[PDB]
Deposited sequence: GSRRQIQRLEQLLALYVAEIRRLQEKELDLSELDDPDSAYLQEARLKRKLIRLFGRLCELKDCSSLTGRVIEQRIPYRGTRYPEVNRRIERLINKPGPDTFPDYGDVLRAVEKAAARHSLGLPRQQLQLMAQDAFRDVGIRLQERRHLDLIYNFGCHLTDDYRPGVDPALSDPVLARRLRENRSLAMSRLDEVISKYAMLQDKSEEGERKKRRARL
């Protein structure tokens, strides 16, 4: 009913307002130890809001889709052989979040398509085909997830604004550069640490 729908929309607006207010809340270190802190309450509100949106869409008899880039079908046209292409497309379009294939999946796809239709393809060419396809769709899936990240990043506070303050302050810029050196180093350190643990737990 029209009234019900209108009401639900009002409720959505309410939850949005509450979420914004919580987002502005300033947490001290104590509150960062709190299981009930503004951050967690915010998360809860977000869940409530999503469920509510579901109900709203079911009332309108429209899809519950939010228009996320990540729900768009990713085409694969990469080879001369539509059958291979089709298998690859079905592979990367599997239902759920965990769709991301490894090389083995791609190779197996190429092989099954090449066998089913008897394309008479040598293993070298089959392998190069699989490698190129795996690279293409792997990069595609990565960039799609990245796009999804930057599209949905931040909040109303980041909607307002903006120029990096370091561009007008050489001292701050210097500090940030030093910080970058430290960052790269510490990352390298933890990575190589576990690599070396692996090497010592080998020989």
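Absence of C-alpha coordinates is noted for several segments of the deposited sequence, namely 1, 163-164, 207-216.
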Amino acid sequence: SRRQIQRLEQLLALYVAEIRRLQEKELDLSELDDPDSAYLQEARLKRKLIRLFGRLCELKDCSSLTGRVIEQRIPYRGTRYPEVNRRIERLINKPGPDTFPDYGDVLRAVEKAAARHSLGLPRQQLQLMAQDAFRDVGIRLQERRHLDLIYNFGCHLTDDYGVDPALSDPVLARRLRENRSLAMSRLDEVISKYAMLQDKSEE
From here on, numbers count along this sequence of modelled residues.
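In this entry, the higher average B-factor at the C-alpha atoms falls on 151-159, of the pair 151-159 and 50-58. For the pair 80-88 and 116-124, the record assigns the higher mean C-alpha temperature factor to 116-124.
Among all modelled residues in its chain, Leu27 ranks in the middle third by Cα B-factor. Among the modelled residues of its chain, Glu143 has a C-alpha B-factor that falls in the lowest third according to the deposited record. The deposited CA B-factor of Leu197 belongs to the middle third of values across its chain. Among the modelled residues of the chain, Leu167 sits in the highest third by CA temperature factor in this PDB entry.
In the PDB entry, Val69 places in the highest third of its chain by CA B-factor.
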